[PDB]
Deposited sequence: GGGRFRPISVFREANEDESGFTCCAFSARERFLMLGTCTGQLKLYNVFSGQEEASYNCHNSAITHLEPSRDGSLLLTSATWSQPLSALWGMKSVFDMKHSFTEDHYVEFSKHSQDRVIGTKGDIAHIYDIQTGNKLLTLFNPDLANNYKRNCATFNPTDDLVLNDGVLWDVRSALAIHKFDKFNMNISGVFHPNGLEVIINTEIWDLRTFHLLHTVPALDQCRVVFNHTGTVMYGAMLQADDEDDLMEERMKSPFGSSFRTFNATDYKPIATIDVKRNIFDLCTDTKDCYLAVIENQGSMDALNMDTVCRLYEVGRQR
């Protein structure tokens, strides 16, 4: 991990970057801020190229669409709490998700949004904005404090609150046992495995394949090729502590532990898996205000 670039939010006395994603436009990083702004930065110059106020509370999450035409945002205490923005030609709001505190695109064909409201998942059509489907069963809930509903790579399964759902039938096919209080789980890009905190389950047999103690309380991100898994750990200001782990995605063998000595707010990779971007806070949890920097590292 060779540091190649660093920047702080332009002009600000304290720098308020909260989350990041690379744009479909080569060289440009998208960042959310603690004032609900979306900014476009040259990742090498640190030049601010554009600024849009999406929310009147802090951004917690953003996800660009692969074809660069759409963006999802989530905020902290705004109504609406999440939104879908059009980026082709003029930046504008397309739909709003009144109480969903987290949203993602479908993965295969990006024509749907999945939103999370506490223990409940909602699926929406992108063209009409209509809610197609609500996945919730109170007998099956795990009540994960950081529940995030997600699609599998083919868009026909959903993981919500540690329940695996068939999207076509709207049927719960399996409730995974609850072994932590916060992390609800993600699909591996290979479409055969589920990662729920420290447990790696097989989707076809529900055997436990691996225990990875180092993933405890970690939020997991895959590189674009599905060969490396990157993890940063939640705080018992900041959602994460000050270090990140890399794992081999095929055997879950640890490759690296990096302590950046600063609390991490977010990290993401470019679609060619050359660069890792990390939002690190220079201030503590106790400071008046946050003071984040975006650090760009070369990996290979």
property	result
Parts of the chain sequence, as deposited, that carry no C-alpha coordinates in this structure	1-4, 241-251, 316-318
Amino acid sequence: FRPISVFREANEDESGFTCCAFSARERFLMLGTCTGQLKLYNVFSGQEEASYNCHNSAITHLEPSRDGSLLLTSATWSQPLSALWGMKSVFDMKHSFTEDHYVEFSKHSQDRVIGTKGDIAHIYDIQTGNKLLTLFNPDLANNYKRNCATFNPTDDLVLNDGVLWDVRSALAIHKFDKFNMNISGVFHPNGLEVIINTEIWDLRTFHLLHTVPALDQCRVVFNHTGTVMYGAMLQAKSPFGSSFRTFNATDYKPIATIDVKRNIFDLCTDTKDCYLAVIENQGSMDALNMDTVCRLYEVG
From here on, numbers count along this sequence of modelled residues.
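By rigid core we mean the largest C-alpha set that fits within 1.5 Å across both forms.
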| property | result |
| --- | --- |
| Between stretches 90-98 and 226-234, more displaced by Cα RMS in 4 other deposited structures of this protein (rigid core superposition) | 226-234 |
| Residue stretch of maximal mean CA temperature factor, 260-268 vs 54-62 | 260-268 |
| Largest Cα B-factor, entry values, listed residues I114, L81, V186, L171 | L171 |
| Candidate set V90, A121, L71, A75 [ranked by C-alpha B-factor, highest] | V90 |
| For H108, the third of its chain into which the C-alpha B factor falls | highest |
| Cα B factor band for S23 (lowest, middle or highest third within the chain) | highest |
| Within-chain third of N160 by Cα B-factor, per the entry | lowest |
| CA B-factor placement of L203, once the chain's modelled residues are sorted into thirds | highest |
| Third of the chain's Cα B-factor distribution that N147 belongs to, per the entry | lowest |
